[PDB]
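Shown next: start_0.tsv, containing TSV, C-alpha atoms and all ligand atoms.
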chain	number	residue	atom	x	y	z
A	12	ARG	CA	0.16	-17.44	6.17
A	13	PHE	CA	1.36	-14.55	4.02
A	14	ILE	CA	3.06	-11.23	4.69
A	15	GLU	CA	4.12	-8.39	2.42
A	16	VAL	CA	7.78	-7.40	2.57
A	17	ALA	CA	9.46	-4.43	0.90
A	18	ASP	CA	12.73	-2.51	0.94
A	19	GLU	CA	13.85	1.07	0.36
A	20	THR	CA	12.10	0.91	-3.02
A	21	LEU	CA	8.80	0.24	-1.18
A	22	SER	CA	7.77	-2.40	-3.72
A	23	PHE	CA	6.00	-5.00	-1.60
A	24	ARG	CA	6.15	-8.72	-2.36
A	25	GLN	CA	4.45	-11.80	-0.95
A	26	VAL	CA	6.41	-13.88	1.57
A	27	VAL	CA	5.15	-17.15	3.05
A	28	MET	CA	5.23	-17.35	6.85
A	29	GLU	CA	4.87	-20.81	8.38
A	30	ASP	CA	4.48	-19.44	11.94
A	31	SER	CA	1.53	-17.30	13.02
A	32	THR	CA	3.62	-15.68	15.80
A	33	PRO	CA	7.11	-15.02	14.42
A	34	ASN	CA	9.81	-12.82	15.86
A	35	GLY	CA	12.12	-10.47	13.98
A	36	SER	CA	14.56	-13.27	13.19
A	37	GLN	CA	11.89	-15.40	11.51
A	38	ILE	CA	10.61	-12.47	9.44
A	39	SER	CA	14.18	-11.65	8.41
A	40	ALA	CA	14.88	-15.27	7.45
A	41	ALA	CA	11.67	-15.58	5.44
A	42	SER	CA	12.60	-12.42	3.51
A	43	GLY	CA	15.87	-13.97	2.34
A	44	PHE	CA	18.43	-12.75	4.89
A	45	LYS	CA	20.98	-14.91	6.65
A	46	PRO	CA	21.02	-14.73	10.47
A	47	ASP	CA	24.32	-12.85	10.50
A	48	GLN	CA	22.98	-9.97	8.39
A	49	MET	CA	20.38	-8.78	10.95
A	50	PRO	CA	18.25	-6.56	8.69
A	51	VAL	CA	16.17	-3.74	10.09
A	52	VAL	CA	12.52	-4.81	10.19
A	53	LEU	CA	9.83	-2.11	10.38
A	54	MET	CA	6.19	-3.15	10.72
A	55	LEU	CA	3.64	-0.78	9.19
A	56	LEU	CA	1.03	-0.01	11.83
A	57	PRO	CA	-2.59	0.62	10.78
A	58	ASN	CA	-2.53	4.23	12.00
A	59	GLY	CA	0.56	5.08	9.96
A	60	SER	CA	3.53	4.68	12.27
A	61	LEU	CA	6.44	2.27	11.83
A	62	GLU	CA	7.28	-0.08	14.71
A	63	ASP	CA	10.79	-1.49	14.90
A	64	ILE	CA	10.80	-5.27	15.37
A	65	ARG	CA	13.66	-6.67	17.43
A	66	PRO	CA	15.17	-10.03	16.44
A	67	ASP	CA	13.42	-11.53	19.50
A	68	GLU	CA	10.18	-9.50	19.39
A	69	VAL	CA	7.22	-11.77	18.65
A	70	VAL	CA	4.66	-10.33	16.22
A	71	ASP	CA	1.06	-11.57	16.15
A	72	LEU	CA	0.17	-12.12	12.49
A	73	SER	CA	-3.34	-13.49	13.08
A	74	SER	CA	-4.70	-9.92	12.80
A	75	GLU	CA	-4.45	-9.30	9.05
A	76	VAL	CA	-1.97	-9.11	6.16
A	77	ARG	CA	0.74	-7.01	7.81
A	78	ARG	CA	3.41	-5.16	5.86
A	79	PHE	CA	7.11	-4.93	6.68
A	80	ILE	CA	10.12	-3.00	5.44
A	81	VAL	CA	13.15	-5.28	5.73
A	82	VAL	CA	16.37	-3.46	4.81
A	83	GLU	CA	19.88	-4.60	5.67
A	84	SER	CA	21.25	-1.59	7.55
A	85	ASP	CA	23.10	-0.77	10.76
A	86	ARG	CA	21.22	2.41	11.72
A	87	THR	CA	17.91	4.23	11.51
A	88	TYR	CA	17.27	7.94	11.01
A	89	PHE	CA	14.24	9.67	12.51
A	90	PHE	CA	12.22	12.26	10.62
A	91	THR	CA	8.71	13.67	10.97
A	92	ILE	CA	5.72	14.26	8.72
A	93	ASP	CA	3.29	16.84	10.12
A	94	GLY	CA	4.70	16.18	13.58
A	95	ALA	CA	4.33	12.39	13.34
A	96	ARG	CA	7.64	10.58	13.78
A	97	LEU	CA	8.84	8.03	11.24
A	98	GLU	CA	11.94	5.87	10.93
A	99	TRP	CA	14.09	5.17	7.89
A	100	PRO	CA	17.02	2.72	7.63
A	101	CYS	CA	18.76	4.68	4.85
A	102	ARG	CA	20.31	8.13	4.97
A	103	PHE	CA	18.95	9.31	1.59
A	104	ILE	CA	15.18	9.46	1.15
A	105	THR	CA	13.32	10.63	-1.94
A	106	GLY	CA	10.17	12.72	-1.93
A	107	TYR	CA	8.25	9.79	-3.39
A	108	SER	CA	9.28	7.63	-0.43
A	109	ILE	CA	8.17	10.35	1.99
A	110	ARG	CA	4.78	10.58	0.28
A	111	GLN	CA	4.43	6.79	0.41
A	112	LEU	CA	5.30	6.60	4.11
A	113	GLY	CA	3.18	9.55	5.20
A	114	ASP	CA	0.22	8.65	2.98
A	115	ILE	CA	0.22	12.21	1.65
A	116	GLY	CA	-2.17	12.77	-1.22
A	117	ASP	CA	-0.74	13.91	-4.53
A	118	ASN	CA	-3.00	16.98	-4.39
A	119	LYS	CA	-0.74	18.45	-1.68
A	120	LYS	CA	2.70	20.04	-1.66
A	121	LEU	CA	5.57	18.59	0.37
A	122	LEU	CA	7.98	20.93	2.17
A	123	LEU	CA	11.07	20.57	4.35
A	124	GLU	CA	11.11	22.89	7.35
A	125	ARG	CA	13.99	25.36	7.58
A	126	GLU	CA	14.89	28.11	10.04
A	127	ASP	CA	17.45	30.21	8.15
A	128	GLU	CA	15.43	30.59	4.92
A	129	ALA	CA	12.16	29.62	3.26
A	130	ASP	CA	11.04	26.03	3.62
A	131	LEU	CA	12.35	23.85	0.79
A	132	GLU	CA	9.88	22.22	-1.57
A	133	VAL	CA	10.58	18.53	-2.17
A	134	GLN	CA	9.79	17.00	-5.54
A	135	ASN	CA	9.12	13.32	-6.16
A	136	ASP	CA	12.66	12.48	-7.31
A	137	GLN	CA	14.48	14.96	-5.06
A	138	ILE	CA	16.79	13.31	-2.52
A	139	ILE	CA	16.91	14.53	1.09
A	140	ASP	CA	19.92	13.60	3.22
A	141	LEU	CA	18.75	12.51	6.67
A	142	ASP	CA	22.30	12.36	8.05
A	143	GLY	CA	22.17	16.09	8.75
A	144	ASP	CA	22.07	16.99	12.41
A	145	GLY	CA	18.65	17.19	14.02
A	146	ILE	CA	15.36	15.55	13.14
A	147	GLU	CA	14.29	16.53	9.63
A	148	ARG	CA	10.72	17.85	9.64
A	149	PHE	CA	8.38	17.56	6.67
A	150	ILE	CA	5.14	19.42	6.06
A	151	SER	CA	2.16	18.96	3.74
A	152	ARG	CA	0.41	22.10	2.48
A	153	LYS	CA	-2.12	22.98	-0.20
A	154	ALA	CA	-0.78	22.70	-3.75
A	155	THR	CA	-0.59	26.44	-4.42
A	156	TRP	CA	2.33	28.55	-5.61
A	157	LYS	CA	2.77	32.29	-5.20
A	158	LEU	CA	3.78	34.73	-7.93
A	159	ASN	CA	4.56	38.43	-7.56
A	160	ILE	CA	2.92	40.28	-10.45
A	161	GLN	CA	3.44	44.06	-10.40
A	162	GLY	CA	4.31	43.95	-6.70
A	163	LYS	CA	1.16	42.04	-5.72
A	164	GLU	CA	1.21	38.36	-4.77
A	165	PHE	CA	-1.24	36.06	-6.56
A	166	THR	CA	-1.70	32.43	-5.54
A	167	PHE	CA	-1.96	30.05	-8.49
A	168	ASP	CA	-3.11	26.45	-8.18
A	169	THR	CA	-0.74	24.94	-10.76
A	170	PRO	CA	3.04	24.42	-10.65
A	171	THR	CA	3.33	25.95	-14.13
A	172	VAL	CA	1.50	29.08	-15.27
A	173	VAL	CA	1.05	30.54	-18.74
A	174	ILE	CA	2.21	34.16	-18.68
A	175	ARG	CA	-0.83	35.30	-20.67
A	176	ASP	CA	-3.13	33.73	-18.08
A	177	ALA	CA	-1.12	35.35	-15.29
A	178	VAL	CA	-1.50	38.78	-16.90
A	179	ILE	CA	-5.21	38.16	-17.48
A	180	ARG	CA	-5.70	37.20	-13.83
A	181	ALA	CA	-3.74	40.28	-12.76
A	182	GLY	CA	-6.10	42.33	-14.95
A	183	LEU	CA	-3.76	43.96	-17.47
A	184	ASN	CA	-4.62	43.56	-21.13
A	185	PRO	CA	-2.35	40.85	-22.59
A	186	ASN	CA	-2.78	42.08	-26.17
A	187	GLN	CA	-0.68	45.20	-25.58
A	188	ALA	CA	3.02	45.24	-26.42
A	189	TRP	CA	4.70	44.50	-23.08
A	190	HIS	CA	8.36	44.13	-22.14
A	191	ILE	CA	8.00	41.06	-19.93
A	192	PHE	CA	11.00	40.06	-17.80
A	193	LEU	CA	11.00	37.45	-15.04
A	194	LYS	CA	13.16	37.78	-11.92
A	195	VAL	CA	13.72	34.42	-10.24
A	196	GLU	CA	15.34	34.69	-6.82
A	197	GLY	CA	19.11	34.42	-6.92
A	198	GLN	CA	19.22	34.76	-10.71
A	199	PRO	CA	19.28	37.68	-13.17
A	200	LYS	CA	16.10	38.70	-14.94
A	201	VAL	CA	15.30	36.96	-18.23
A	202	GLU	CA	13.00	38.36	-20.91
A	203	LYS	CA	9.95	36.23	-21.73
A	204	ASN	CA	6.99	36.37	-24.11
A	205	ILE	CA	3.26	36.66	-23.48
A	206	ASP	CA	2.70	33.00	-24.44
A	207	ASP	CA	5.53	31.43	-22.43
A	208	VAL	CA	5.24	29.08	-19.45
A	209	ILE	CA	6.75	29.87	-16.04
A	210	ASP	CA	7.54	27.12	-13.53
A	211	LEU	CA	6.76	28.46	-10.06
A	212	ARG	CA	8.34	25.47	-8.30
A	213	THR	CA	11.69	27.26	-8.21
A	214	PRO	CA	12.51	28.35	-4.64
A	215	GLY	CA	11.19	31.74	-3.64
A	216	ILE	CA	8.51	33.94	-5.16
A	217	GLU	CA	9.06	34.96	-8.77
A	218	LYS	CA	8.57	38.57	-9.88
A	219	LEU	CA	6.71	39.03	-13.18
A	220	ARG	CA	7.16	42.73	-13.86
A	221	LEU	CA	5.70	44.28	-17.02
A	222	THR	CA	6.58	47.46	-18.90
A	223	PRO	CA	5.02	48.95	-22.08
B	1	CA	CA	6.05	-18.51	17.35
B	2	CA	CA	9.76	-2.94	19.09
B	3	CA	CA	10.41	27.76	8.43
B	4	CA	CA	18.74	13.92	10.68
B	5	CA	CA	8.14	29.84	-6.44

Exercise: express the given structure as structure tokens:
Amino acid sequence: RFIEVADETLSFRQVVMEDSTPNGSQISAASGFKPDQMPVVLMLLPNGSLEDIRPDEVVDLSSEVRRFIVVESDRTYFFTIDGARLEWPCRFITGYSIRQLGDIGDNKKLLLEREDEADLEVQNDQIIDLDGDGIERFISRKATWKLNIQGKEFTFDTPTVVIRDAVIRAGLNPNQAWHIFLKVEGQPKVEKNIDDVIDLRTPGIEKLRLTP
């Protein structure tokens, strides 16, 4: 038999299982862990959940090629993706790992729910600390970013927007001499040019005000 085993990097590798009905200890031993280490073993269910495998919990491998996350750790943190609970043996999780676990398509935007301010957008390489109190909740939305042009909010479909295209979409003639200054939240306004590129992924809604 064969199984696929990965770690916090989620890079699966083939492992040979000589028993069709192993328990957590056998899966841990086949993955290269001594009995005293007791790694955390998480079986990837077909629906999308992760089932914790005890050292004496027999797993039926005759079904199909099952996948496991075997990470030497002494704890597990619970988080959620769209209300579905998931388990993670490490306290720091990257956005890429969240997308891998939740099977979120790359055409969507990942957010971390907050109550005291706007929900935080999580990039691929951004690290979220799960050790914070409470269950961290993640959300998938449509990949659209808002921009406040002349006091009106327009919803672009790209993380980065050319200022000329933004003005064109707003309706103003880009060819006129404009004093363009951007006002990112929490930062002073910075003058820009008609042909510059604005990254909307910064937290909050940017304000692209124009004057003649
Ligand atoms: Ca057995
Ligand atoms: Ca179990
Ligand atoms: Ca919120
Ligand atoms: Ca937490
Ligand atoms: Ca923004």

10 Å from ligand CA 1 (chain B) is the threshold here; counting all atoms listed in the file, which polymer residues fall inside it? Answer as number ranges by chain. A: 29-34, 37, 69-72

Could you name the residues that touch region 212-221 of chain A at 12 Å or less, counting only C-alpha atoms, but leaving out those on the same chain fewer than 4 positions away, as an mmCIF file with C-alpha atoms, in the coordinates of the input?
data_model
loop_
_atom_site.group_PDB
_atom_site.id
_atom_site.type_symbol
_atom_site.label_atom_id
_atom_site.label_comp_id
_atom_site.auth_asym_id
_atom_site.auth_seq_id
_atom_site.Cartn_x
_atom_site.Cartn_y
_atom_site.Cartn_z
ATOM 1 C CA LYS A 120 2.700 20.040 -1.660
ATOM 2 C CA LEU A 121 5.570 18.590 0.370
ATOM 3 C CA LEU A 122 7.980 20.930 2.170
ATOM 4 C CA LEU A 123 11.070 20.570 4.350
ATOM 5 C CA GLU A 128 15.430 30.590 4.920
ATOM 6 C CA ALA A 129 12.160 29.620 3.260
ATOM 7 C CA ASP A 130 11.040 26.030 3.620
ATOM 8 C CA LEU A 131 12.350 23.850 0.790
ATOM 9 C CA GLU A 132 9.880 22.220 -1.570
ATOM 10 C CA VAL A 133 10.580 18.530 -2.170
ATOM 11 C CA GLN A 134 9.790 17.000 -5.540
ATOM 12 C CA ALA A 154 -0.780 22.700 -3.750
ATOM 13 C CA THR A 155 -0.590 26.440 -4.420
ATOM 14 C CA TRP A 156 2.330 28.550 -5.610
ATOM 15 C CA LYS A 157 2.770 32.290 -5.200
ATOM 16 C CA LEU A 158 3.780 34.730 -7.930
ATOM 17 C CA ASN A 159 4.560 38.430 -7.560
ATOM 18 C CA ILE A 160 2.920 40.280 -10.450
ATOM 19 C CA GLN A 161 3.440 44.060 -10.400
ATOM 20 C CA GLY A 162 4.310 43.950 -6.700
ATOM 21 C CA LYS A 163 1.160 42.040 -5.720
ATOM 22 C CA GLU A 164 1.210 38.360 -4.770
ATOM 23 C CA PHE A 165 -1.240 36.060 -6.560
ATOM 24 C CA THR A 166 -1.700 32.430 -5.540
ATOM 25 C CA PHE A 167 -1.960 30.050 -8.490
ATOM 26 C CA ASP A 168 -3.110 26.450 -8.180
ATOM 27 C CA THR A 169 -0.740 24.940 -10.760
ATOM 28 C CA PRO A 170 3.040 24.420 -10.650
ATOM 29 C CA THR A 171 3.330 25.950 -14.130
ATOM 30 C CA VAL A 172 1.500 29.080 -15.270
ATOM 31 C CA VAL A 173 1.050 30.540 -18.740
ATOM 32 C CA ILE A 174 2.210 34.160 -18.680
ATOM 33 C CA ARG A 175 -0.830 35.300 -20.670
ATOM 34 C CA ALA A 177 -1.120 35.350 -15.290
ATOM 35 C CA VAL A 178 -1.500 38.780 -16.900
ATOM 36 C CA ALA A 181 -3.740 40.280 -12.760
ATOM 37 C CA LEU A 183 -3.760 43.960 -17.470
ATOM 38 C CA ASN A 184 -4.620 43.560 -21.130
ATOM 39 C CA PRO A 185 -2.350 40.850 -22.590
ATOM 40 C CA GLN A 187 -0.680 45.200 -25.580
ATOM 41 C CA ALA A 188 3.020 45.240 -26.420
ATOM 42 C CA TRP A 189 4.700 44.500 -23.080
ATOM 43 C CA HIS A 190 8.360 44.130 -22.140
ATOM 44 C CA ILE A 191 8.000 41.060 -19.930
ATOM 45 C CA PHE A 192 11.000 40.060 -17.800
ATOM 46 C CA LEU A 193 11.000 37.450 -15.040
ATOM 47 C CA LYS A 194 13.160 37.780 -11.920
ATOM 48 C CA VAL A 195 13.720 34.420 -10.240
ATOM 49 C CA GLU A 196 15.340 34.690 -6.820
ATOM 50 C CA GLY A 197 19.110 34.420 -6.920
ATOM 51 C CA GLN A 198 19.220 34.760 -10.710
ATOM 52 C CA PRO A 199 19.280 37.680 -13.170
ATOM 53 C CA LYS A 200 16.100 38.700 -14.940
ATOM 54 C CA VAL A 201 15.300 36.960 -18.230
ATOM 55 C CA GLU A 202 13.000 38.360 -20.910
ATOM 56 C CA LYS A 203 9.950 36.230 -21.730
ATOM 57 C CA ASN A 204 6.990 36.370 -24.110
ATOM 58 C CA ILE A 205 3.260 36.660 -23.480
ATOM 59 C CA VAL A 208 5.240 29.080 -19.450
#

Closest atom pairs, residues of chain A within 7 Å of ligand CA 4 (chain B), only C-alpha atoms and all ligand atoms, as JSON lines:
{"residue": "A:88", "atom": "CA", "partner": "B:CA4", "partner_atom": "CA", "distance": 6.2}
{"residue": "A:89", "atom": "CA", "partner": "B:CA4", "partner_atom": "CA", "distance": 6.5}
{"residue": "A:90", "atom": "CA", "partner": "B:CA4", "partner_atom": "CA", "distance": 6.7}
{"residue": "A:141", "atom": "CA", "partner": "B:CA4", "partner_atom": "CA", "distance": 4.3}
{"residue": "A:142", "atom": "CA", "partner": "B:CA4", "partner_atom": "CA", "distance": 4.7}
{"residue": "A:143", "atom": "CA", "partner": "B:CA4", "partner_atom": "CA", "distance": 4.5}
{"residue": "A:144", "atom": "CA", "partner": "B:CA4", "partner_atom": "CA", "distance": 4.8}
{"residue": "A:145", "atom": "CA", "partner": "B:CA4", "partner_atom": "CA", "distance": 4.7}
{"residue": "A:146", "atom": "CA", "partner": "B:CA4", "partner_atom": "CA", "distance": 4.5}
{"residue": "A:147", "atom": "CA", "partner": "B:CA4", "partner_atom": "CA", "distance": 5.3}

Output as a tab-separated table one row per residue of chain A within 10 Å of ligand CA 2 (chain B): the closest atom pair and its distance in Å to one decimal place, counting all atoms listed in the file, sorted by chain and residue number ascending.
residue	atom	partner	partner_atom	distance
A:35	CA	B:CA2	CA	9.4
A:52	CA	B:CA2	CA	9.5
A:53	CA	B:CA2	CA	8.7
A:54	CA	B:CA2	CA	9.1
A:61	CA	B:CA2	CA	9.5
A:62	CA	B:CA2	CA	5.8
A:63	CA	B:CA2	CA	4.6
A:64	CA	B:CA2	CA	4.5
A:65	CA	B:CA2	CA	5.6
A:66	CA	B:CA2	CA	9.3
A:67	CA	B:CA2	CA	9.3
A:68	CA	B:CA2	CA	6.6
A:69	CA	B:CA2	CA	9.2
A:70	CA	B:CA2	CA	9.4

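Between CA of residue 42 (chain A) and CA of residue 99 (chain A) lies a distance of 18.2 Å.
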
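The coordinates place CA of residue 138 (chain A) at 9.6 Å from CA of residue 108 (chain A).
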